[PDB]
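Below: one protein chain in two forms, given as structure tokens, structure 1 then structure 2.
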Structure 1
């Protein structure tokens, strides 16, 4: 998160931290969010050969008794996700086990408006800056699909366009999989943007995927 502020500790009890392990040399992290005791929602590009979800965290280096750390037993990336258009950048992860719903671990209930949104993550706070230990949140303005014109592969039906170009505030590298919340409702998922950090950034439109989602949760 660029140009945000530290969340109050444990205000986002649905925020997952993910440690992805790649078949090559492992090591990257994404955000996510708990939507069912044993289901976490995140961006498709965060797939790896193994993933460990840390729920309940705020400073992710400091261990504390709100934490619950779980392995992922099944990776459910969208069948139509395409690595060179980044369409359908959405993945559900099945946890080994049902997380305990506590104050600090809970699910996410499955004139500008209305289109005032927040996003949080532990990702980079500048273009080549380190990530954040403490979970960071930023307030972003949702936008017209014309603002994301330069992103050759944007589709207004599949994706949202987030952030004021005139401002520095944005989700960034390592924020992927994070949920965008507009007036209380989860509307988007951090996907990508320009590597120079200049807003707007593209997020996956959750609304387009509620049918495929509830499909995964009906089996499984």
Structure 2
């Protein structure tokens, strides 16, 4: 439970460098769903963003990298900084990524369903989430269980319809980066949103199914 990925085995993964209004840079994860669109968390928003596709060791620049500018951040309009509901955001890139072995998309399957508690999912990332110092600088993956929503009852506004409750406290800190995808059976079903300051599971993930209409609304107009 904390495993290094073979380099480039998750070629849709995106590493985000976010310029904040005040100057400094912060970082999140995300995933390439179209050649010019990256999906991530609303809490990753800032003045402007740049994505790095094709990475494995994020502190070691290599030739598989493709750095692309984000021209526009589409933060979900009902995003709430207190409840953290609707913590999702699309990033339109200046140009389409070039498809390579190391860089590919993860398009959503046409048909989907509400995903219930019980199944095991996986999340890969570089640990860029919360207030705790990562962790590692290479892409790693962990397996996490979808829990009954009651397991997240301690999170004030948690809503089963909107959010996934993720990770068994009695069986599992790593949950990937803010904005990173939670994959169940090869399909992205959630986005890393938040957890306790101390990172003890479970954590809360955006339930992607709920936002598929909005995702398509953005893609359709852009």
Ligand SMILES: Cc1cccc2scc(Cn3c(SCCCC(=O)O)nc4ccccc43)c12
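By rigid core we mean the largest C-alpha set that fits within 1.5 Å across both forms. Positions refer to the first chain, counted from 1.
- The form solved without the named molecule appears here as structure 2; structure 1 is the other form of the chain.
- Only one candidate in 129, 98, 80, 139 has its Cα displaced by 2 Å or more between the two structures after core superposition: 129.
- Its Cα shifted by 1.3 Å between the two structures, residue 184 is reported here after superposition on the rigid core.
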